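Reviewing the structure listed below.
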Amino acid sequence: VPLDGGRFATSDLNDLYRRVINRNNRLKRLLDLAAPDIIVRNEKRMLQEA
Amino acid sequence: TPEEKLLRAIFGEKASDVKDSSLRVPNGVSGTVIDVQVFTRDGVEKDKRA
Amino acid sequence: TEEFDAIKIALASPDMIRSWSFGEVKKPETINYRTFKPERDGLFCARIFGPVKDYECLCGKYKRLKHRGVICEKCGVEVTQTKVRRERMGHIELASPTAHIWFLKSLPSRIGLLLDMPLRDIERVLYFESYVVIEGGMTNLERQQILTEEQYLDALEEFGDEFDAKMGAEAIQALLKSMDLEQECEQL
Amino acid sequence: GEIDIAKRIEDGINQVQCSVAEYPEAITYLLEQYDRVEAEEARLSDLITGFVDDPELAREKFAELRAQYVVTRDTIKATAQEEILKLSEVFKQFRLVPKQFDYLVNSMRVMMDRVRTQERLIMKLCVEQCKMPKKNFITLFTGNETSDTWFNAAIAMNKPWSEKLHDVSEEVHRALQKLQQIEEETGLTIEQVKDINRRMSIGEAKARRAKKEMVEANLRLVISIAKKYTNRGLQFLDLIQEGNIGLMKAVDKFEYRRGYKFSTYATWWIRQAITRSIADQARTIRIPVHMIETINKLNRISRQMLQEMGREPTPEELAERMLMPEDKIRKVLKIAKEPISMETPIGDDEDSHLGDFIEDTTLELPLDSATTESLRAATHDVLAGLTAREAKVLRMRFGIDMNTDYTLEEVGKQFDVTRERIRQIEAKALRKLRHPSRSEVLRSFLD
DNA sequence: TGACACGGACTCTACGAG
DNA sequence: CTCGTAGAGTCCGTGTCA
Ligand SMILES: [Zn+2]
């Protein structure tokens, strides 16, 4: 919601969802690119964490 | 809503495109206003009272 | 209003989760920042969840109640009362099968105890700390044994086929899918 | 490394090629799809993709395959078998069209799996009563693995579960018979598939190591450049990942023959990716990149002017320093504000957060709902006070107690008198209601 | 914190079998 | 009677309230 004064207030789930979706898209592109094993491992680790 | 449109047609009530927001006195307090201050940002047209 | 009773709770099946959700959220954008209308098809998206303002689509093609069940062709937003924006759930199609933390770390580790495999091992597996030999064919290797990097390396070189080992939530899903519940119940 | 790792990749797949060649009847289908390839309806890279230790060159090499193969094929039944293994290693150079190896490796894998399913039901039978160590299972089962003889060899060792297996004698022989069918399609036994599979894995591992090196060599560089971008709302690890993507992109696109310093090219792409990612996915509300550059300029200018002047530069002074009309200056200042976390605790009262205050303006006021209800009731009865078809006219012209409103021509069609007379009716009704004492009660609804 | 409790893992003692 | 296994107790670390 836009609180009076041009600033915004959001629940944290917005940030969490944004981060998860980012890592998901990055992993998709990484698979399309056939990155070396180490990088796919790191990506899956971070996605699990998120 | 429709019925109110009917009412506007009937009485010819030009709807005012500006809502009221005035800072009215809080409920149940009564006293004397001793002073007023006005702060305009630089650039805007100072009103007479300023 | 229905008069109900008996609240039922169960694991959500993937087909049930797809059943509830009305759309997939592909991009992370939230709102247009110029006019704060929602971005499509972002975390806030009208063509998935619902119209911001009552009974008018996003693009502004249909604004009258005369249009109330029609779905604007330009903006894929259906015209309804904004309250629906409170009830529709969405979904994200996840690329890598991911483990549900609650069923893992809750003191009785139901992934752990279901697998009859210690907890420390499972944490090691999910975070890509070690492999696990998932049904290691005709070799000298167990089915729920965790393997370190160099153990898996000497093994792969040693055992090319009839050798299935994996890492992470994918391996865990593999291990879970193949388990025969009732036969093991009889044995136990 | 790209050419090196590609060579090792081809060497691994070449190893699987050798493994297949050392397997039987593979050479028959092999020569058949070489014959297919001769018509030239495909590419030279579906049959040879880099060697190990032109149509004519392939023709002559395959002529040598045919010759060595057949001459060892006649005397195949001792050393000629080792010569066939050598033919497998020399063909290792060639790789077959993806479909054919997919077909063979998948049929061989699923057959090994199927025999494994039979073996595992046997292993259930053994583990439940006799707990068979796997060594004896292999040794007795491996070596023949083709006829049901091993079954009676299990019967021959006098083991209690092994003899008891007659309960599953039907299924065991069904597995052996289908296994014989797989034998016929290959025309051999199995154990050599074990040899084949180990060589395939060895080759693939070689290729694996090469690909690993294709970043092990340029890894820490990404980390070194990454530590720059370390405060733009981005988990360090995401930064390093974006840098890895950029580095891979550079490597695959790197051109040593175009005349360009390699390292610069790499770092260039690294930045091109990292800055792009921070610009796009850093802020919650994505904002054009040129706008970000505008913010950066503003911030440099503010820093210089502030530290020299001491006080600060007023937006007018900033509008001076840059040629922009300053309307966009304050626009950019408004845009840069990040959303505040809705849970931020309010002062010394960690009981309420900010979320606890925001009010929902959407809600229609109950007062207004009551007014609207009273209004519909009153308008309905007052319409009832007026004539019938005029009342219906007025209801239809508006949405009173009805759905979408039809324009005058359509309502006139509804009465079949379709023309200005309908607005004559509208104006006459309005005129008739103008008279007071009926509408004043509705006059009250104005304010 | 801090008093409690639980779980998992580890150490020490005791019993059955050879 | 000792070795190998079984049982009991303890300790540490985590979860849980204000
Ligand atoms: Zn629209």
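Using the numbering of Swiss-Prot, the residues shown for chain C are 14-201, in order.
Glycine is no exception: its Cβ is also placed from the backbone N, Cα and C atoms.
Listed features, source Swiss-Prot:
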type	residues	note
BINDING	C:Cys70, C:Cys72, C:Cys85, C:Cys88	Zn(2+) 1 binding site
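Excluding C:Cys70, C:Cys72, C:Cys85, C:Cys88 themselves, the residues of that chain whose CB lies within 8 A of the CB mean position for the Zn(2+) 1 site are, in sequence, C:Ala59, C:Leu71, C:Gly73, C:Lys74, C:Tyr75, C:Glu86, C:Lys87, C:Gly89, C:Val90.
Here the Cβ of C:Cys70 (Zn(2+) 1 binding site) has 25 other Cβ atoms within 10 Å, regardless of which shown protein chain they belong to. Each of the binding-site residues C:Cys72, C:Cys85, C:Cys88 was scored by how many other Cβ atoms lie within 10 Å of its Cβ, and the smallest score goes to C:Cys72.
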